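K.L.:
Provided herewith: upload22.pdb, PDB, C-alpha atoms and all ligand atoms.
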ATOM      1  CA  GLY A   1       2.714  -3.508-116.751  1.00  0.00           C
ATOM      2  CA  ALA A   2       6.296  -4.773-117.078  1.00  0.00           C
ATOM      3  CA  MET A   3       7.233  -6.302-120.494  1.00  0.00           C
ATOM      4  CA  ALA A   4       8.348  -9.634-118.911  1.00  0.00           C
ATOM      5  CA  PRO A   5       7.042  -9.491-115.281  1.00  0.00           C
ATOM      6  CA  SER A   6       9.746 -10.723-112.902  1.00  0.00           C
ATOM      7  CA  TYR A   7      10.676 -11.285-109.201  1.00  0.00           C
ATOM      8  CA  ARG A   8      14.031 -10.065-107.829  1.00  0.00           C
ATOM      9  CA  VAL A   9      15.539  -9.790-104.313  1.00  0.00           C
ATOM     10  CA  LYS A  10      17.954  -7.119-102.938  1.00  0.00           C
ATOM     11  CA  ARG A  11      19.646  -6.961 -99.514  1.00  0.00           C
ATOM     12  CA  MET A  12      19.342  -3.253 -98.688  1.00  0.00           C
ATOM     13  CA  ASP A  13      17.133  -0.574 -97.116  1.00  0.00           C
ATOM     14  CA  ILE A  14      13.679  -0.477 -98.881  1.00  0.00           C
ATOM     15  CA  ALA A  15      13.718   3.345 -98.284  1.00  0.00           C
ATOM     16  CA  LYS A  16      16.412   3.442-101.084  1.00  0.00           C
ATOM     17  CA  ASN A  17      14.349   1.347-103.578  1.00  0.00           C
ATOM     18  CA  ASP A  18      14.477   1.931-107.375  1.00  0.00           C
ATOM     19  CA  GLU A  19      10.759   0.988-107.938  1.00  0.00           C
ATOM     20  CA  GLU A  20       7.577   3.008-108.833  1.00  0.00           C
ATOM     21  CA  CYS A  21       5.992   2.436-105.411  1.00  0.00           C
ATOM     22  CA  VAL A  22       6.769   0.907-102.008  1.00  0.00           C
ATOM     23  CA  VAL A  23       4.911  -1.394 -99.648  1.00  0.00           C
ATOM     24  CA  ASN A  24       5.295  -0.427 -95.977  1.00  0.00           C
ATOM     25  CA  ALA A  25       5.137  -3.178 -93.262  1.00  0.00           C
ATOM     26  CA  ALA A  26       2.760  -0.914 -91.318  1.00  0.00           C
ATOM     27  CA  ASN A  27       1.122  -1.129 -87.881  1.00  0.00           C
ATOM     28  CA  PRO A  28      -2.701  -0.753 -87.685  1.00  0.00           C
ATOM     29  CA  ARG A  29      -2.514   2.703 -86.064  1.00  0.00           C
ATOM     30  CA  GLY A  30      -0.428   4.531 -88.677  1.00  0.00           C
ATOM     31  CA  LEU A  31       2.364   5.145 -86.107  1.00  0.00           C
ATOM     32  CA  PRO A  32       6.073   5.602 -87.111  1.00  0.00           C
ATOM     33  CA  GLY A  33       6.846   2.259 -85.421  1.00  0.00           C
ATOM     34  CA  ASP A  34      10.253   0.559 -85.908  1.00  0.00           C
ATOM     35  CA  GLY A  35      12.200  -1.526 -88.525  1.00  0.00           C
ATOM     36  CA  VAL A  36      10.807  -1.120 -92.112  1.00  0.00           C
ATOM     37  CA  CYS A  37       7.981   1.134 -90.810  1.00  0.00           C
ATOM     38  CA  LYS A  38      10.391   3.633 -89.221  1.00  0.00           C
ATOM     39  CA  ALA A  39      12.600   3.765 -92.383  1.00  0.00           C
ATOM     40  CA  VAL A  40       9.422   4.428 -94.456  1.00  0.00           C
ATOM     41  CA  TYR A  41       8.361   7.114 -91.934  1.00  0.00           C
ATOM     42  CA  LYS A  42      11.748   8.882 -92.236  1.00  0.00           C
ATOM     43  CA  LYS A  43      11.698   8.748 -96.081  1.00  0.00           C
ATOM     44  CA  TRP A  44       7.994   9.475 -96.837  1.00  0.00           C
ATOM     45  CA  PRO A  45       6.511  11.056 -93.613  1.00  0.00           C
ATOM     46  CA  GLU A  46       3.687  12.732 -95.615  1.00  0.00           C
ATOM     47  CA  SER A  47       2.344   9.226 -96.516  1.00  0.00           C
ATOM     48  CA  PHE A  48       1.327   8.681 -92.827  1.00  0.00           C
ATOM     49  CA  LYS A  49      -1.656  11.125 -93.056  1.00  0.00           C
ATOM     50  CA  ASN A  50      -4.714   8.920 -92.247  1.00  0.00           C
ATOM     51  CA  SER A  51      -2.717   5.737 -92.948  1.00  0.00           C
ATOM     52  CA  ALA A  52      -4.319   3.776 -89.986  1.00  0.00           C
ATOM     53  CA  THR A  53      -6.039   0.599 -91.345  1.00  0.00           C
ATOM     54  CA  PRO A  54      -7.016  -2.820 -89.882  1.00  0.00           C
ATOM     55  CA  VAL A  55      -4.918  -6.008 -89.801  1.00  0.00           C
ATOM     56  CA  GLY A  56      -5.185  -7.927 -93.118  1.00  0.00           C
ATOM     57  CA  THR A  57      -5.697  -4.748 -95.196  1.00  0.00           C
ATOM     58  CA  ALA A  58      -3.647  -2.283 -97.272  1.00  0.00           C
ATOM     59  CA  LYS A  59      -4.177   1.501 -97.555  1.00  0.00           C
ATOM     60  CA  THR A  60      -2.288   3.644-100.099  1.00  0.00           C
ATOM     61  CA  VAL A  61      -1.298   7.241 -99.316  1.00  0.00           C
ATOM     62  CA  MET A  62       0.654   9.427-101.781  1.00  0.00           C
ATOM     63  CA  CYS A  63       3.899  11.210-100.792  1.00  0.00           C
ATOM     64  CA  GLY A  64       3.895  13.786-103.678  1.00  0.00           C
ATOM     65  CA  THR A  65       3.100  11.422-106.594  1.00  0.00           C
ATOM     66  CA  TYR A  66       5.008   8.427-105.067  1.00  0.00           C
ATOM     67  CA  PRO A  67       2.597   5.769-103.700  1.00  0.00           C
ATOM     68  CA  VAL A  68       3.171   4.236-100.267  1.00  0.00           C
ATOM     69  CA  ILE A  69       1.009   1.080 -99.769  1.00  0.00           C
ATOM     70  CA  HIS A  70       0.619   0.616 -95.993  1.00  0.00           C
ATOM     71  CA  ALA A  71       0.124  -3.194 -95.616  1.00  0.00           C
ATOM     72  CA  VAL A  72      -0.802  -4.417 -92.117  1.00  0.00           C
ATOM     73  CA  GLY A  73       0.279  -7.987 -91.418  1.00  0.00           C
ATOM     74  CA  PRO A  74      -0.788  -9.780 -88.204  1.00  0.00           C
ATOM     75  CA  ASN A  75       1.447  -9.752 -85.104  1.00  0.00           C
ATOM     76  CA  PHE A  76       1.792 -13.564 -84.406  1.00  0.00           C
ATOM     77  CA  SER A  77       2.281 -12.801 -80.672  1.00  0.00           C
ATOM     78  CA  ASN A  78      -1.502 -11.873 -80.632  1.00  0.00           C
ATOM     79  CA  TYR A  79      -3.004 -14.144 -83.280  1.00  0.00           C
ATOM     80  CA  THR A  80      -3.242 -17.937 -83.308  1.00  0.00           C
ATOM     81  CA  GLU A  81      -1.254 -19.703 -86.119  1.00  0.00           C
ATOM     82  CA  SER A  82      -4.474 -20.419 -88.086  1.00  0.00           C
ATOM     83  CA  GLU A  83      -5.991 -16.889 -87.800  1.00  0.00           C
ATOM     84  CA  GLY A  84      -2.623 -15.189 -88.301  1.00  0.00           C
ATOM     85  CA  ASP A  85      -2.001 -17.243 -91.473  1.00  0.00           C
ATOM     86  CA  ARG A  86      -5.388 -16.117 -92.859  1.00  0.00           C
ATOM     87  CA  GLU A  87      -4.734 -12.383 -92.127  1.00  0.00           C
ATOM     88  CA  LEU A  88      -1.182 -12.549 -93.584  1.00  0.00           C
ATOM     89  CA  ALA A  89      -2.479 -14.053 -96.861  1.00  0.00           C
ATOM     90  CA  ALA A  90      -5.228 -11.340 -96.892  1.00  0.00           C
ATOM     91  CA  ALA A  91      -2.764  -8.407 -96.364  1.00  0.00           C
ATOM     92  CA  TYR A  92      -0.829  -9.623 -99.450  1.00  0.00           C
ATOM     93  CA  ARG A  93      -4.033 -10.016-101.582  1.00  0.00           C
ATOM     94  CA  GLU A  94      -4.872  -6.323-100.711  1.00  0.00           C
ATOM     95  CA  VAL A  95      -1.321  -5.298-101.761  1.00  0.00           C
ATOM     96  CA  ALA A  96      -1.912  -7.002-105.204  1.00  0.00           C
ATOM     97  CA  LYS A  97      -5.250  -5.102-105.612  1.00  0.00           C
ATOM     98  CA  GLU A  98      -3.532  -1.749-104.786  1.00  0.00           C
ATOM     99  CA  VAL A  99      -0.547  -2.353-107.103  1.00  0.00           C
ATOM    100  CA  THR A 100      -3.012  -3.178-109.931  1.00  0.00           C
ATOM    101  CA  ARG A 101      -5.237  -0.118-109.190  1.00  0.00           C
ATOM    102  CA  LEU A 102      -2.161   2.195-109.236  1.00  0.00           C
ATOM    103  CA  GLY A 103      -1.087   0.956-112.718  1.00  0.00           C
ATOM    104  CA  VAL A 104       2.601   0.841-111.631  1.00  0.00           C
ATOM    105  CA  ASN A 105       5.192  -1.173-113.607  1.00  0.00           C
ATOM    106  CA  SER A 106       7.201  -2.087-110.443  1.00  0.00           C
ATOM    107  CA  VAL A 107       6.840  -2.372-106.657  1.00  0.00           C
ATOM    108  CA  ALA A 108       9.348  -2.667-103.722  1.00  0.00           C
ATOM    109  CA  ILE A 109       8.023  -5.085-101.033  1.00  0.00           C
ATOM    110  CA  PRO A 110       9.311  -6.315 -97.624  1.00  0.00           C
ATOM    111  CA  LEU A 111       8.384  -9.751 -96.044  1.00  0.00           C
ATOM    112  CA  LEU A 112       5.268  -9.032 -93.935  1.00  0.00           C
ATOM    113  CA  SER A 113       4.867 -10.455 -90.388  1.00  0.00           C
ATOM    114  CA  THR A 114       8.556 -11.303 -90.011  1.00  0.00           C
ATOM    115  CA  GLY A 115      10.760  -9.442 -87.418  1.00  0.00           C
ATOM    116  CA  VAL A 116       8.853  -8.144 -84.340  1.00  0.00           C
ATOM    117  CA  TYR A 117       5.499  -9.458 -85.688  1.00  0.00           C
ATOM    118  CA  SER A 118       6.824 -13.048 -86.114  1.00  0.00           C
ATOM    119  CA  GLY A 119       6.001 -14.295 -82.571  1.00  0.00           C
ATOM    120  CA  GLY A 120       9.671 -15.410 -82.307  1.00  0.00           C
ATOM    121  CA  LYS A 121       9.358 -17.844 -85.248  1.00  0.00           C
ATOM    122  CA  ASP A 122      11.142 -17.975 -88.657  1.00  0.00           C
ATOM    123  CA  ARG A 123       8.387 -16.979 -91.105  1.00  0.00           C
ATOM    124  CA  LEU A 124      10.434 -16.505 -94.338  1.00  0.00           C
ATOM    125  CA  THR A 125       8.792 -19.389 -96.265  1.00  0.00           C
ATOM    126  CA  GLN A 126       5.306 -18.657 -94.951  1.00  0.00           C
ATOM    127  CA  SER A 127       5.406 -14.918 -95.757  1.00  0.00           C
ATOM    128  CA  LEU A 128       7.167 -15.416 -99.149  1.00  0.00           C
ATOM    129  CA  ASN A 129       4.671 -18.033-100.321  1.00  0.00           C
ATOM    130  CA  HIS A 130       1.703 -15.735 -99.476  1.00  0.00           C
ATOM    131  CA  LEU A 131       3.582 -12.918-101.352  1.00  0.00           C
ATOM    132  CA  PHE A 132       3.850 -15.176-104.478  1.00  0.00           C
ATOM    133  CA  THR A 133       0.186 -16.319-104.239  1.00  0.00           C
ATOM    134  CA  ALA A 134      -1.018 -12.711-104.262  1.00  0.00           C
ATOM    135  CA  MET A 135       1.488 -11.178-106.758  1.00  0.00           C
ATOM    136  CA  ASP A 136       1.649 -13.983-109.365  1.00  0.00           C
ATOM    137  CA  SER A 137      -1.482 -12.698-111.182  1.00  0.00           C
ATOM    138  CA  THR A 138      -0.111  -9.107-111.358  1.00  0.00           C
ATOM    139  CA  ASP A 139       2.179  -7.891-114.188  1.00  0.00           C
ATOM    140  CA  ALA A 140       4.349  -5.511-112.079  1.00  0.00           C
ATOM    141  CA  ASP A 141       8.100  -6.255-111.641  1.00  0.00           C
ATOM    142  CA  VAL A 142       8.361  -7.201-107.942  1.00  0.00           C
ATOM    143  CA  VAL A 143      11.531  -6.412-105.988  1.00  0.00           C
ATOM    144  CA  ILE A 144      11.727  -7.974-102.500  1.00  0.00           C
ATOM    145  CA  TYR A 145      13.874  -6.108 -99.961  1.00  0.00           C
ATOM    146  CA  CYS A 146      15.539  -7.889 -97.017  1.00  0.00           C
ATOM    147  CA  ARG A 147      18.412  -7.227 -94.541  1.00  0.00           C
ATOM    148  CA  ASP A 148      19.748 -10.701 -93.656  1.00  0.00           C
ATOM    149  CA  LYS A 149      22.433 -12.428 -95.819  1.00  0.00           C
ATOM    150  CA  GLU A 150      21.001 -15.951 -95.302  1.00  0.00           C
ATOM    151  CA  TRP A 151      17.491 -14.654 -96.092  1.00  0.00           C
ATOM    152  CA  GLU A 152      18.721 -13.042 -99.356  1.00  0.00           C
ATOM    153  CA  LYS A 153      20.165 -16.438-100.423  1.00  0.00           C
ATOM    154  CA  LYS A 154      16.927 -18.332 -99.468  1.00  0.00           C
ATOM    155  CA  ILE A 155      14.637 -15.811-101.236  1.00  0.00           C
ATOM    156  CA  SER A 156      16.869 -15.881-104.343  1.00  0.00           C
ATOM    157  CA  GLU A 157      16.799 -19.710-104.404  1.00  0.00           C
ATOM    158  CA  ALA A 158      12.979 -19.714-103.977  1.00  0.00           C
ATOM    159  CA  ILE A 159      12.617 -17.263-106.933  1.00  0.00           C
ATOM    160  CA  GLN A 160      14.976 -19.294-109.172  1.00  0.00           C
ATOM    161  CA  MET A 161      13.274 -22.632-108.309  1.00  0.00           C
ATOM    162  CA  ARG A 162      10.040 -21.520-110.045  1.00  0.00           C
ATOM    163  CA  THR A 163      11.767 -20.344-113.278  1.00  0.00           C
TER
HETATM  164  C1  LIG B 201       6.957  -6.731 -88.546  1.00  0.00           C
HETATM  165  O1  LIG B 201       7.236  -6.254 -89.855  1.00  0.00           O
HETATM  166  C2  LIG B 201       8.512  -6.420 -90.337  1.00  0.00           C
HETATM  167  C3  LIG B 201       8.717  -6.573 -91.697  1.00  0.00           C
HETATM  168  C4  LIG B 201       9.980  -6.873 -92.168  1.00  0.00           C
HETATM  169  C5  LIG B 201      11.054  -7.025 -91.303  1.00  0.00           C
HETATM  170  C6  LIG B 201      12.435  -7.401 -91.810  1.00  0.00           C
HETATM  171  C7  LIG B 201      12.468  -8.818 -92.410  1.00  0.00           C
HETATM  172  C8  LIG B 201      13.837  -9.260 -92.805  1.00  0.00           C
HETATM  173  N1  LIG B 201      14.836  -9.565 -91.994  1.00  0.00           N
HETATM  174  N2  LIG B 201      15.870  -9.944 -92.794  1.00  0.00           N
HETATM  175  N3  LIG B 201      15.537  -9.873 -94.032  1.00  0.00           N
HETATM  176  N4  LIG B 201      14.258  -9.442 -94.055  1.00  0.00           N
HETATM  177  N5  LIG B 201      12.954  -6.449 -92.790  1.00  0.00           N
HETATM  178  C9  LIG B 201      13.564  -5.312 -92.420  1.00  0.00           C
HETATM  179  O2  LIG B 201      13.740  -5.005 -91.244  1.00  0.00           O
HETATM  180  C10 LIG B 201      13.922  -4.372 -93.540  1.00  0.00           C
HETATM  181  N6  LIG B 201      13.744  -4.825 -94.796  1.00  0.00           N
HETATM  182  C11 LIG B 201      13.959  -3.964 -95.797  1.00  0.00           C
HETATM  183  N7  LIG B 201      14.304  -2.679 -95.729  1.00  0.00           N
HETATM  184  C12 LIG B 201      14.444  -2.248 -94.458  1.00  0.00           C
HETATM  185  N8  LIG B 201      14.754  -0.973 -94.069  1.00  0.00           N
HETATM  186  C13 LIG B 201      14.873  -0.963 -92.697  1.00  0.00           C
HETATM  187  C14 LIG B 201      14.613  -2.198 -92.191  1.00  0.00           C
HETATM  188  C15 LIG B 201      14.314  -3.042 -93.305  1.00  0.00           C
HETATM  189  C16 LIG B 201      10.840  -6.835 -89.949  1.00  0.00           C
HETATM  190  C17 LIG B 201       9.586  -6.529 -89.460  1.00  0.00           C
HETATM  191 CL    CL B 202      21.421  -0.023 -97.235  1.00  0.00          CL
END
What is this file in structure tokens?
P.N.:
Amino acid sequence: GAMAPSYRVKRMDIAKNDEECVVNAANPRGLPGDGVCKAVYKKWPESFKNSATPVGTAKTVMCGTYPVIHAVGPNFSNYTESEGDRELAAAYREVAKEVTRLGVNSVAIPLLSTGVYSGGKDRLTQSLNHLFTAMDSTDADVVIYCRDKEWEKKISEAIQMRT
């Protein structure tokens, strides 16, 4: 694990991360998709071999020796708020189990169920809180990747508030 486990946020493409493994915001069918998923597909295409997995789960596939954790968050256009909240929290708990199993000292993670899976709602706080609930008991350094300037500021403030 990391010597002093921390949370950090960076506004840049997760495909250029400087961590020991990456979490993909995957679709259940293991398709190239769009957004984070498409950037992960272009960078680590080999990691999409048998990567299909249900909503609320995570499946790791190696690209060489680099682990890609395919985490499937719910699409809030299909799920109710209550059921979608439960599956989002579960996808993050499965990410924590995988990061621990892998023995990595760091992980790059995006905010699950935001963007096209958000059902047109702002889910920054909801997704980030479920991320913290799952990752707080792990000792990996966590680096959150985002693309929006206002989101970078809000994530940074949320990290600092707890320290
Ligand atoms: C439906 O799943 C999604 C998950 C995350 C996302 C969004 C959430 C977001 N939007 N503003 N800051 N954050 N993030 C990215 O699109 C993103 N983040 C990191 N690296 C990237 N490389 C290429 C894209 C990309 C959308 C959709
Ligand atoms: Cl970039």
K.L.:
Would you mind listing what lies within 9 Å of residue A:127 as a list in words, with only C-alpha atoms counted and same-chain residues fewer than 4 positions away left out?
P.N.:
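Selected residues are residues 85, 88, 89, 92, 111, 112, 113, 114, 123, 131 and 132 of chain A.
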K.L.:
If you count all atoms listed in the file, which residues fall within 12 Å of residue A:149, apart from same-chain ones fewer than 4 positions away, as a PDB file with C-alpha atoms, keeping the file's coordinate frame?
P.N.:
ATOM      1  CA  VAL A   9      15.539  -9.790-104.313  1.00  0.00           C
ATOM      2  CA  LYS A  10      17.954  -7.119-102.938  1.00  0.00           C
ATOM      3  CA  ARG A  11      19.646  -6.961 -99.514  1.00  0.00           C
ATOM      4  CA  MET A  12      19.342  -3.253 -98.688  1.00  0.00           C
ATOM      5  CA  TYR A 145      13.874  -6.108 -99.961  1.00  0.00           C
ATOM      6  CA  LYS A 153      20.165 -16.438-100.423  1.00  0.00           C
ATOM      7  CA  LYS A 154      16.927 -18.332 -99.468  1.00  0.00           C
ATOM      8  CA  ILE A 155      14.637 -15.811-101.236  1.00  0.00           C
ATOM      9  CA  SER A 156      16.869 -15.881-104.343  1.00  0.00           C
TER      10      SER A 156
END
K.L.:
All residues within 6 Å of ligand LIG 201 (chain B) are required, counting all atoms listed in the file; please report them as a ChimeraX atom specification.
P.N.:
/A:12-14,25,35-36,39,110-117,145-148,151
K.L.:
Grab the atom CA of residue A:138 to atom CA of residue A:108 distance for me, in Å with one decimal place.
P.N.:
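The value is 13.8 Å.
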K.L.:
How many Å lie between atom CA of residue A:52 and atom CA of residue A:20, rounded to one decimal?
P.N.:
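These atoms are spaced 22.3 Å apart.
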K.L.:
As an exercise, work out the distance from atom CA of residue A:55 to atom CA of residue A:31 in Å and give it to one decimal place.
P.N.:
13.8 Å
K.L.:
Determine, counting all atoms listed in the file, which protein, DNA and RNA residues have an atom within 12 Å of an atom of residue A:93; residues of the same chain fewer than 3 positions away are not included. Present the result as JSON, numbers by chain.
P.N.:
{"A": [56, 57, 58, 71, 72, 73, 86, 87, 88, 89, 90, 96, 97, 98, 99, 100, 129, 130, 131, 132, 133, 134, 135, 136, 137, 138]}
K.L.:
So, with all atoms listed in the file as the atoms that count, which of A:126, A:69, A:76, A:160 lies closest to residue A:21?
P.N.:
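Using all atoms listed in the file, residue A:21 sits closest to A:69.
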K.L.:
Find the residue from A:81, A:70, A:19, A:59 that sits nearest to residue A:32; use all atoms listed in the file when measuring.
P.N.:
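Ranked by minimum distance to residue A:32, first place goes to A:70.
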